[PDB]
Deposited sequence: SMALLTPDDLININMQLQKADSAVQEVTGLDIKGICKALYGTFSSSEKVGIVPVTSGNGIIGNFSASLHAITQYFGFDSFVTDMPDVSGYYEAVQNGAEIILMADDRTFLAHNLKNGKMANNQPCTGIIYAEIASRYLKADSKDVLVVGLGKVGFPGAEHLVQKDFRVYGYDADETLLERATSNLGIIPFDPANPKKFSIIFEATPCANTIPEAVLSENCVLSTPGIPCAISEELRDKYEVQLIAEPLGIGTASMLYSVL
């Protein structure tokens, strides 16, 4: 059960993100998704299954999917009984997550999505569509399960991708495997486009920021302080769950 404040925050954050994405790219979240995957929604029936491997996650997904126009429902039962319930009640897409994997499975066309690459890809896509960019230089901070697919997507779109991760071994593998330029956080290079995907605060050094730069980040907590954000007028794209979820659903349509 979402508290009233929880429900209100979900819609508020989504609308905030919709506007920020429109400001940055000229399209809303839905517009980005359709252009990214070339798919469109028909209010597909989305069955959301709670998994005991439980707070408001299912309830939050319900609000999120409703916001994006999907005919969604949360099953009464959890786990395998819930799955059965969802399929029996005509779910075309199943949405469920344990601590390790959050997936969307379209039972109609057999396409399946993982939240991690779907999130990195859409946030990278948003960042890459900054209209007033004037450079193809992009900084990626965090090359984990969300960050790496995002970097890969930016490379595939022929951007000049700089990457940093505080895990050296991972940085090495990312730099050899997709042609990203290792970035030294002591490099005083300014960026107008930044994609960040870490679970840590203060991961973007001040010296890296330009005026009005786009910072596209699914990471939690925020990659920069409120002070630096206001000081450099950073165009922030950051939202806890919905954007990635939209990316998952459109990717399997």
Sequence ranges absent from the coordinates, based on the deposited chain and numbered from 1: 1-3, 57-60
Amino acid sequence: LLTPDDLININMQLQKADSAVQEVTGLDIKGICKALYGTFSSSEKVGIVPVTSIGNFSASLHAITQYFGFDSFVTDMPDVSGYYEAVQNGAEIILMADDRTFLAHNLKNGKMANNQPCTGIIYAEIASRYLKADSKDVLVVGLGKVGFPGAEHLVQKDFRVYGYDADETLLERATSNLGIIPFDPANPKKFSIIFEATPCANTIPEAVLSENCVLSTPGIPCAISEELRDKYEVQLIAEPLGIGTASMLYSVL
From here on, numbers count along this sequence of modelled residues.
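What we label the rigid core is the largest C-alpha set whose atoms superpose within 1.5 Å from one form to the other.
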Between 240-248 and 6-14, where do the CA atoms move more in 8 other deposited structures of this protein, taking the root mean square over the structures and residues after a core fit? 6-14
When the core is superposed, where do the C-alphas shift more in 8 other deposited structures of this protein: in 22-30 or in 181-189? 181-189
Higher average CA B factor in the deposited record is what I'm after, so tell me if that's 105-113 or 169-177. 169-177
Mean Cα B factor from the PDB record: higher for 241-249, or higher for 5-13? 5-13
Of 193, 228, 46, 61, which one's C-alpha B factor is largest in the deposited record? 228
For the listed 145, 153, 136, 100, which has the peak Cα B-factor recorded in the PDB entry? 136
Taking the chain's C-alpha temperature factors as the reference, tell me which third residue 94 falls into: lowest, middle or highest. lowest
With respect to C-alpha B-factor, does residue 84 fall in the lowest, middle or highest third of the chain as deposited? lowest
By its CA B factor, does residue 198 count among the lowest, middle or highest third of the modelled residues in the chain? lowest
Which third of the chain does residue 131 land in by C-alpha B-factor: lowest, middle or highest? highest
Residue 188, C-alpha B-factor rank within chain (lowest, middle or highest third): highest
